[PDB]
Structure formats: structure tokens, C-alpha cells
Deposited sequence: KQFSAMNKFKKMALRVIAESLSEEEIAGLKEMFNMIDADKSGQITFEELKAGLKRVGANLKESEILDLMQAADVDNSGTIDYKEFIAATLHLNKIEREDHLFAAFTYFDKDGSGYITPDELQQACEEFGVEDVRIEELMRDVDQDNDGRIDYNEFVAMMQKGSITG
């Protein structure tokens, strides 16, 4: 069974599109705030909410411990991807994150008006979408727009 389960997880991972992969990479980088290549518990607690999940602290610790299979005390990129496949709340958003990272041309984590204009080669916009008035659209505001 566990074998079959592992086989299914591999199918899912292999079935991710390259655009979904780029989205997951942006998610990872968003959480890995110091760009160290490794996500710590502190980063995970600060960052999960930004990628649309915001679990309870105890739930985040459970995720951290399950994902950290080499007991590094950190989540690396490969561990992160594997983990998203075990958390519906996150993996269900892979397509939305693919779309967000497409608009977020510079991988800044926020869509700016200039990026909006770049995309429209494809600004009442900002008023209804930018809910916190920082002049940028973050992932959560993007999801809310999509609804």
C-alpha cells in the first residue's frame, strides 16, 4: 500500500507542468526570505500564510517535521515540493501560483503596476485588487481577485 502510495506521488510529481514547477519555485523562494536555499521553521511560520495556507503554529510544525526527511531541521527545495504533494491546501493552488509567478516577472513576490502593463502586452485594477494599499499585488490579493 505505502508502495502504491509512493508510486502515486511520483506520478503526480511527474505530471506537474513546467509552469506549475516554476510556481512552486516562486513559492519556495517567497518563504525562503534570506535566500539561503533552506527554509527554517521560523521562515515557514512567517511564510505559509503568504502562499495562501496560514495553518495553526502546531500544524506548521507537524508539516515541517513530516517534510524534513533528512532531519536537517530545514526544508530544502526537493523536500518542499514533495511536501506540497502531501498537503491538499497547498498543492490545490499550483495552477494559481503558476499564473501569479507568470505576472511576477522579476520574482519579487509582488505584482507591480509596471508588471501589470508588461502583461497587458498579452489601473482601476490596483484599486479593487490591492487590498492593503502598498501599491503592489501579493499572492493572497491575487487569489482573492480570482476568488
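Asker: In sequence order, name the stretches of the deposited sequence that have no C-alpha in these coordinates.
Answerer: Residues missing from the model, as numbered along the full deposited sequence, span 1-5, 128-135, 161-166.
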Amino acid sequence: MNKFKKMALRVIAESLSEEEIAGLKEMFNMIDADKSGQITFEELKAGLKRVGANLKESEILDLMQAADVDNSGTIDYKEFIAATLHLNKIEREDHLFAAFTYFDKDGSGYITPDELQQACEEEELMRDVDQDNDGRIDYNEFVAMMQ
From here on, numbers count along this sequence of modelled residues.
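Asker: Quick one: say whether 27-35 or 96-104 has the higher mean Cα B-factor in the deposited entry.
Answerer: So the stretch with the higher mean C-alpha B-factor is 96-104.
Asker: Should the higher mean CA B-factor in the entry be assigned to 126-134 or to 11-19?
Answerer: If you average the C-alpha B-factors of 126-134 and of 11-19, the larger mean comes out for 126-134.
Asker: Which one, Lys49, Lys78, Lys56, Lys89, has the peak C-alpha temperature factor per the PDB entry?
Answerer: Across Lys49, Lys78, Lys56, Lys89, the entry lists the biggest C-alpha B-factor for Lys89.
Asker: Quick one: which of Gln118, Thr112, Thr40, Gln65 shows the highest Cα temperature factor in the PDB entry?
Answerer: The listed residue with the largest C-alpha B-factor is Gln118.
Asker: Classify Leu85 as lowest, middle or highest third according to the C-alpha B-factor given in the PDB entry, relative to its own chain.
Answerer: Top third by C-alpha B-factor.
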